[PDB]
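Written below as structure tokens is the structure these notes are about.
Positions of Cβ are backbone-derived with ideal geometry, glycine not excepted, and every protein chain shown enters the neighbour counts. Every number in this text was worked out from the coordinates using simple rules, so none of it is lab data.
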Amino acid sequence: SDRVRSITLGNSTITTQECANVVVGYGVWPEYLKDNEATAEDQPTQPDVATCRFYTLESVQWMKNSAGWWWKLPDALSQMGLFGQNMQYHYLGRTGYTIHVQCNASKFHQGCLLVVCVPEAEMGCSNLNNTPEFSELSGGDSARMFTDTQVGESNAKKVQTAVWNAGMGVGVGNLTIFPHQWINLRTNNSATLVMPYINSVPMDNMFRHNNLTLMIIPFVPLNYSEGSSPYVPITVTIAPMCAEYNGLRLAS
Amino acid sequence: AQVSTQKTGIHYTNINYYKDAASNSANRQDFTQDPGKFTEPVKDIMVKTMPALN
Amino acid sequence: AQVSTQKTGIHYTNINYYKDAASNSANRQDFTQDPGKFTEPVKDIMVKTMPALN
Amino acid sequence: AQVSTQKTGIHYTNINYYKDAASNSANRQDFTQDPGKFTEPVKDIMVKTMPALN
Amino acid sequence: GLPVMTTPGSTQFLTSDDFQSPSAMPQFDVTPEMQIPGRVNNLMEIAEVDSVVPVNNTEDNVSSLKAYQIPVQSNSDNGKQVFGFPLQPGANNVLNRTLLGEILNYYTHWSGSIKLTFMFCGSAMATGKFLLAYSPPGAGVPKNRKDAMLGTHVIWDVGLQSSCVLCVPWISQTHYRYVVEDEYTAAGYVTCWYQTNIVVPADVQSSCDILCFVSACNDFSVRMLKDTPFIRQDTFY
Amino acid sequence: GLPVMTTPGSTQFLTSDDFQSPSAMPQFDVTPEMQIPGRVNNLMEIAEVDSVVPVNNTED
Amino acid sequence: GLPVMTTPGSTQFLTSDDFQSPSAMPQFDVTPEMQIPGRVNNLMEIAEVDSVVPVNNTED
Amino acid sequence: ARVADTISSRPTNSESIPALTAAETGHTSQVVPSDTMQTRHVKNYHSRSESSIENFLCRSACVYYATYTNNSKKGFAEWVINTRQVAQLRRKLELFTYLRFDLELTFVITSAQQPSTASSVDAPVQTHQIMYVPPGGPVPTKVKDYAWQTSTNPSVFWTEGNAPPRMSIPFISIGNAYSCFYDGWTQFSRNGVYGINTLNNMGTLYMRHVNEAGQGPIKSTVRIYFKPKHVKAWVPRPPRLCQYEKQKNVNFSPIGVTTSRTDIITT
Amino acid sequence: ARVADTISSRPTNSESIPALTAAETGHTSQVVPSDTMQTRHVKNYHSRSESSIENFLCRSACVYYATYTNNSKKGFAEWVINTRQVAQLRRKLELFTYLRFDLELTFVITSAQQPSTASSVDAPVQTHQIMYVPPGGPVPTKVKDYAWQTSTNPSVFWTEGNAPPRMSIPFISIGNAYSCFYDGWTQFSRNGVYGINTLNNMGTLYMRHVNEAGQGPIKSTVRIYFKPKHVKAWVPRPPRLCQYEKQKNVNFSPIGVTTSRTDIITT
Amino acid sequence: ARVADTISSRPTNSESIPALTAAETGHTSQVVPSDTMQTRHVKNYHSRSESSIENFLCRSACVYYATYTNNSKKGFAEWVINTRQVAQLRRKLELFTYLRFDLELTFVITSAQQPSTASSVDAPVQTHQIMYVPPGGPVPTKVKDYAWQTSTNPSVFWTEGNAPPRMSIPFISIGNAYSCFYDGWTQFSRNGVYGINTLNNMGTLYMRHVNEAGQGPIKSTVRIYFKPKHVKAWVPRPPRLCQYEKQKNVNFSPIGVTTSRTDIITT
Ligand SMILES: CCCCCCCCCCCCCCCC(=O)O
Ligand SMILES: CCCCCCCCCCCCCCCC(=O)O
Ligand SMILES: CCCCCCCCCCCCCCCC(=O)O
């Protein structure tokens, strides 16, 4: 039976009784930096049980007229435990991730979700001259949501959040070129993606650069009949993997 | 002088004249494929004839 | 470098410079004849000295 | 004909055509270092871990 | 003074030439290479990845997520058609904009098989059986399930495994086909019919949906690179 | 800089020349060859075939 | 008359080229070399020498 | 490729009949002249090297010429590539039914001065661009257009006063050979286009001036030359008798088989 | 790079299910058409040689063109080097996230005569200078300036009527690859510039006439062509749907996913 | 020429003092950063190839430009050869005290049309002559002179519209190296000329038109470019702070050492 997993990281454990396979990045598992690729020449810090564990974000409600949600990935964990405290005292850092999206409903509900992970998901603005400001591009472990309409040009600094363009000007059906899974309420209950470190430099600052984006888009909308449960949540759980830091300084 | 194989559906000769490796010609004959890292990026391998979920 | 025979009534040298076989020179020296498929396309062979119909 | 090593991050060929050595190309590949004649021009050698004056 | 003689084709700029040129910055030290995940060596590795197909254009679903959903009901008769489109992977507006149909619009010739995957995104208590057919050209489009069963078909039974693959084989008189629309190199039609009904229990919604995917097999190839007609410009940005 | 010297007959287009030229479509895969019946190698195989002669022109 | 073909980049003056050129004074005897102290081979030997830093600019 | 030599012969009186045959079998007689008369031994040194398919077809032939003007709104030229607008190359290629070759392309570009009205007309050297668009791509609509960016379409640039431009083209086809004749339609309902126009899809060739119209109009003319290399040929064919009339089809007006003489015994 | 060939098959009645799968795993099915129907043995000779990254990207594409006038105060041209002002090369390079290549640079220079007023206008051959200034150096402010001494900046000289100038550029970068997309700011306070403009620092390119304005104005135009060599590519990306609007950012107007048809069963 | 790599280190508590030294000895400390803090092992692949004396100095730099007119009595140009009239090559060569190299010489010649008064001005191609006179020989006094016979002086001829002329010069000197600085006089009585003008004796370079003034004046301009090859260098030197004022000597006006800021703690 392929339907059961068990993931153990630190002092936390996930158990699943209804699951698909585990998608591993681009075939690569996360690992520490080697001596041939290093450029910063002082010794890095590896706490490795205090940071590499499962942190759970907030929950969102899947409604019937629901369009989608997104998260910027080294930003939702910026106030979570000892992971968000090492980011404030250090200048560099590199991390791999393990994402577990989970949503349960009965055999009398239907719907489908696409869970992708997009590296360098640069987004656009509703006014054609400006760029979006920081408060709309991300939130502290709170979802920013798409909408089925088009944001007008009368606003100045807001993200263009039409779902069929995916915020980036591309087709939403072609997002399956990135590592992804589906959640089908007929057969599935969760989705698990393992992502390595992807950048053009061996280390980077985690406060000026978001290098991953997790999107959850309902392709088939949620439907049920009269009498069934109307409230269906979605919960996301992220665990850092093989994290290390460089450049101690003041607290920023 | 390098002697290569001259793509058909016969050989040719190639000599480098400059001191920098950025001055050479294009590669044009490096045929390598690895489609499995995009099409099957899963943890446990999946046999085609077996069902996906047991 | 190919050394060929240089049609008379003496040799020459030829080197290929490009990577594609459509960039070469013309053949010009492939002399081959098979006139029998047009002039005698019959089933049973016919000897010249014998009559055609017996 | 000289065959050299063609700096990268593969070989090349070089022939001289003229009779004078001032007609050649630039050197461009003579990497030699001696920083000690400017940075430590002292008489008695100084070990790093020992103090300078005893 | 070696005697030489210059041929036609001198002092010309052919934009696809293969020559050596002198470097403008001699003896430069480039940054050493790093192992970044996800290296692309061939463009065919991109085209062999599934992509959702918008079969439901219908004049007002294109600015919506409803273009990707195929409606499925419970009927009072038998043998109705679900969808149907001609197999033109670079000229028909259904398969035009997908991940396979964008690589083909950079080339002129194509050859190989095509996979079509269908997923049933309905309730876990609903059943059904479908017919997924392919008809080579020469005749018209099949108007019945009796005419569509004579071609190449598969019967899909919806159960625990929620997907099925209809592998369109390479049936052609030539070795390659044109990407642009051409009646000499047509490829045929792909249809879908009801085999049995969608039987559903009480307190379950009858209307379900089906998603569609498309990709390429391992014998697919392309030829004769050209420009794409999918971009404009008027002035410099 | 190898010293060279250009002769008469440079930058001319003789219509029966025999030279190499750079390809405009690099790395092209042509269709494989097939065995079609009736291959002509020399034009003398065409001339060695009988043909009916109009000996009776006579103005009408 | 060897057949040749000239490429783009002909009759241009790139100021950082690396070519041979004919000498204007043939068979010249240069003065022999002498051992002068303090030969520089790399510019990094100059940069590895201490230099006093003006930290106290302050407008006057 | 030496020819056969002559064998000496003697007076005969026998049962063998080389001169008598039957042409009803569709079989050409294989008699040599040393069977019907007395011959001497002659060593032939003649060769059949100049009649090969590689020697008969590998010459440059003009296929088209077009003009375009500098001082003109939308002044540029286009041409859909075929080999059926000239009368001399069309008759040479239609001695066979199926052909397969590589190509060599050469362009000859001239210029001429138009009657302007300004004084002190002096123009610099002219530069031309020739672009090839495979079928399906975007086409230029004017001279200052975005379609001349030639990102993936092959093009060539040339300055006036040099050697003519030249390039090679491989065997670009969908079938296994080029077809000079097609006996059929393009529709399965047997309507519409009938003939060789159903197989012709090779692209379009565009031409323009890259300079600007300074102070006087200039009218240029390009000429295109074809040269087949690495030739194979199949199924020979009778040569064309009547004159060509159109480009798309083989329509003709009937004509006599030869010219006439005044008697059957007229020498 | 030959493709896989077809294997013959037989009628089956068994437990193995190749056609049934689960697309919820994020795993594309590996079925061949010899599993769903009866096939014959076919040897394929097709190759995937024309779709390589070395063959898809190694073609010359126009990136910019600028003009400058002879008889003008401060008549010269400048350009800050980027690959985001044209629409055809920007869509080809943005199919990937990280790229690493060498470069080949080609310039096409023309000229035109302006409406002067003198009689007997006759000018000699024109010479042009193209200078490259890396970031931080001194820039020219006029035509007769000291900054054109090109002591250590690389430049090129060219006389009109010859082959176009060409040179090579290695992989000049500070990181390990070029980045087509950057999701972040340049300040640590997360203000100001957001996007790919924080990584673009390549220099400026200057153009001028070396001759003097003799008796008539002359307006020239240069065109710049890019050609990537020795290409590596990572992390592919969906192609762009909407039209580009600006150069610094990725702002767009929303558009439908395809064009429409009249029914779901319309063929 | 790879750089040194980093060695891993451990926490210490010992008698050895790498950080403490004495700068009074005239000896630069040889400490690496793996002595003052805890480091990791890092393999460096960087090279010092671009900072060599062969790479720093072997680029072409403009040294002079002069003009001469066709329709003029005694219209020709002369130049006494030195490297002290430009500001960019003078600062690069004066980082050392003694230099020894070969030379490469390149000329860039243009032309311009002057406002003549005749109608139908049309001139043929221009030819120029550049002559080198070593010190002591006969010098030209006009354009039609006997001194242009160039029997033993090296000269060069060039027709307009081709590649620029180029030649090589060996290490021509009387001493063992060139001297950028000379602290002394030329007389034994210590009077008169003081400085580098006592060592400069390299010759004069002459330029003229070989054609005749047909019907309109023409003004030409030559530009001279230096490129040192096979370089050796001795005794480095601080770079120049003030601006150059003259050519023969090192006279200056005093200036501050840097630019100012508003406080000592201003970041
Ligand atoms: C600048 C590049 C130009 C490229 C020109 C390519 C032209 C394609 C040649 C097609 C050959 C046509 C052969 C005859 C076709 C037929 O008889 O059916
Ligand atoms: C005369 C010499 C000219 C030298 C020109 C050098 C131009 C540098 C090329 C930079 C490549 C830019 C690549 C794209 C940058 C990016 O995408 O971030
Ligand atoms: C046509 C032939 C021209 C020959 C030109 C020869 C020029 C001699 C070069 C002398 C080099 C001057 C070096 C600097 C002298 C110094 O610093 O004291």
Notebook entry, point to check: Which percent, to the nearest 5, of DSSP beta bridges fully inside the protein assembly as shown are antiparallel?
Noted result: 95 percent
Note to self: Counting only helical runs of four or more DSSP H residues, what would the 222 nm mean residue ellipticity of chain H come to if each run contributes -39,500 (n - 2.57) and the total is spread over all its residues?
What the structure shows: -500 deg cm²/dmol
Notebook entry, point to check: Magnitude of the Cβ-charge dipole of the range E:31-117, K/R +1 and D/E -1, about the Cα centre, nearest 20 debye?
Noted result: 100 debye
Item checked: Tail fraction, Cα-Cα pairs, the protein assembly as shown, threshold 61 Å, whole percent -> 33 percent
Next item on the list: Report the residues of the range G:9-27 in range of a label on C:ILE15: point 7 Å along Cα→C-beta, backbone N strictly under 20 Å from it.
Entry: G:20
Next item on the list: Check the straight Cα-Cα distances from E:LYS146 and name the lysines below 21 Å, setting aside those fewer than 8 residues away within the same chain.
Entry: E:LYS80, E:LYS129
Check: Where is the GNM fluctuation largest for chain H (alpha-carbon springs, 10 angstrom cutoff): H:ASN251, H:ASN162, H:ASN71?
Finding: H:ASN162
Note to self: Suppose each label sits 7 Å from its Cα in the direction of the beta carbon; what would the H:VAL139-H:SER111 distance come out to in nanometres?
What the structure shows: 2.8 nm
Item checked: Prolate/oblate/rounded call for the range A:5-248, Cα gyration tensor, a/c under 1.5 rounded -> oblate
Next item on the list: Evaluate the Debye formula for chain I with equal point scatterers sitting on the alpha carbons, no solvent, and hand back log10 of I(q)/I(0) at q = 0.09, 0.11, 0.12, 0.15 Å⁻¹, in q order, two decimals.
Entry: -0.67, -0.87, -0.97, -1.25
Next item on the list: Between copies, how far apart are the I:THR267 label points? List them in nm, one decimal, shortest first, with each point 7 Å from Cα toward Cβ, please?
Entry: 7.4, 7.4
Next item on the list: Report, in whole Å, the centroid distance computed from the Cα atoms of the range D:1-25 and the range J:103-151.
Entry: 36 Å
Notebook entry, point to check: Could you give the distance between the Cα centres of the range I:156-184 and the range E:84-162, to the whole Å?
Noted result: 46 Å
Margin query: Label position 7 Å from Cα toward Cβ: report the copy-to-copy distances for I:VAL193 in nm, one decimal, ordered from shortest.
Written below: 5.3, 5.3
Margin query: Let me see the P(r) profile for the range J:119-204: every Cα-Cα distance counted, bins of 10 Å, each bin given as a percent of all pairs.
Written below: 12, 28, 28, 20, 8, 3, 0
Item checked: Label 7 Å beyond Cα on the Cβ vector: B:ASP44 copy-to-copy distances, nm -> 7.6, 7.6
Notebook entry, point to check: So which chymotrypsin sites (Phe, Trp or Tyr not before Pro) in the range H:1-75 end up in coil per DSSP with only 16 or fewer other C-beta atoms within 10 Å?
Noted result: H:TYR45
Next item on the list: For a footprinting-style exposure proxy, rank H:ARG10, I:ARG2 by other Cβ within 10 Å, fewest first.
Entry: H:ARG10, I:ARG2
Note to self: I want to check the label-to-label distance for J:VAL250 and A:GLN88. Put each point 7 Å from Cα in the C-beta direction and report it in nm to one decimal.
What the structure shows: 5.8 nm
Notebook entry, point to check: Can you list the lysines whose alpha carbon sits under 17 Å from that of H:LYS74, skipping same-chain ones fewer than 8 residues off?
Noted result: H:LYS142, H:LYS144, H:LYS219
Notebook entry, point to check: Is it possible to state the helix-based mean residue ellipticity at 222 nm for chain A, with each DSSP H run of 4+ residues giving -39500 (n - 2.57), the sum divided by total residues, to the nearest 500 deg cm²/dmol? What is it?
Noted result: -1000 deg cm²/dmol
Notebook entry, point to check: What 222 nm value per residue comes from the helices of chain F, counting each DSSP H run with n ≥ 4 as -39,500 (n - 2.57) and dividing by all residues, nearest 500 deg cm²/dmol?
Noted result: -1000 deg cm²/dmol
Item checked: Neighbour-count order for I:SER52, E:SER206, I:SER151, fewest beta carbons within 10 angstrom listed first -> E:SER206, I:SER151, I:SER52
Notebook entry, point to check: Where nothing but the Cβ of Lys and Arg (+1) and of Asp and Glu (-1) is charged, how large is the charge dipole of the protein assembly as shown around its Cα centre, in debye to the nearest 20?
Noted result: 2420 debye
Next item on the list: Any chance you could check the Cα centroid distance between the range A:57-119 and the range H:1-65 for me, in angstrom?
Entry: 88 Å
Notebook entry, point to check: For J:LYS248, which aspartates and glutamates qualify as cross-link partners when the Cα separation must be under 17 Å and same-chain residues fewer than eight apart are set aside?
Noted result: J:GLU94, J:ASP183
